[PDB]
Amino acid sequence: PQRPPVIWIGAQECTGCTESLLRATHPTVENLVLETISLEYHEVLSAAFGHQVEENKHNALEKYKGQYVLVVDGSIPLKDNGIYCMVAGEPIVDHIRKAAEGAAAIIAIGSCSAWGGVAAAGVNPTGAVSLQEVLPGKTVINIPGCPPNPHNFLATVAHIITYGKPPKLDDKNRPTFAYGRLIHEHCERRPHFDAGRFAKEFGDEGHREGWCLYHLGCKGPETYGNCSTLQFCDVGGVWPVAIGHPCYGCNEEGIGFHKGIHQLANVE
């Protein structure tokens, strides 16, 4: 039986978004690539290199025209005509625009591709921008986080395959099942917030009783995500706040990588 094709392109990526797939359990990366999809191009895992892997991409773009899911991780650098990310001697923005032409669905995985992320922070030395900015005519599905829980991506792909369409998206084109609510509007430390029970420093008495991390700079009040409910790694009870560290807002433009760890969030 034929599996739906996927083309995965890395731009200004740290490779964390690919590495997240190695933590996934439903599907596991081995079930993903053998049973769920045909991963037709992915530079991190391909047996083929060089001219052979570029052959594989061209064959796949033609053979599966109008049928493949395009996935991009990393921001796309526009400064100085795209020279800050060059693959096979051509700017990555050109590879991405070409692959976008025949895509059935386009997914920006991670905060970098979704809104510029860490690569576009501060002075933005390379003119890094989001996938949606380089593809203004297309609907890009954004799966933010640095990196997101891999199932935020895999359940989005599964929806496309199983039901023939994208999941419901909010007005930033993020899937509502994973990004439809503020972390602070579904955080198990909310009772402590409400009671004025706050950790003031790591290692203090309140911190060691699992109190609210607002005063350590928790950005849950201005960050959309499923980090408090879905959490990470499928072991139970693992997300940053549960471990004792405030949310940094890595999902959310203007929060993660812009505000200091210990800078307070605005509360609605």
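For every residue, the number given is its place in the sequence shown, counted from 1.
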Entry B factor averaged over C-alpha atoms, 232-240 against 49-57: higher for 49-57
Looking only at C-alpha temperature factors in the entry, 132-140 or 146-154, the higher average sits in 132-140
Quiz for you: based on the deposited Cα B-factor, which of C187, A114, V72, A88 is highest? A88
Of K79, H192, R174, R181, which one's C-alpha B factor is largest in the deposited record? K79
Using the B-factors in the PDB entry, rank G217's C-alpha atom against the chain and give the third, lowest, middle or highest. lowest
For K63, does the deposited CA B-factor place it in the lowest, middle or highest third of the chain? highest
Sorting the chain's modelled residues by C-alpha B-factor and splitting them into thirds places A103 in the highest
Please place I109 in the lowest, middle or highest third of its chain by C-alpha B factor as given in the entry. lowest
Could you look up the Cα B-factor of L34 in the entry and say which third of the chain it sits in: lowest, middle or highest? highest
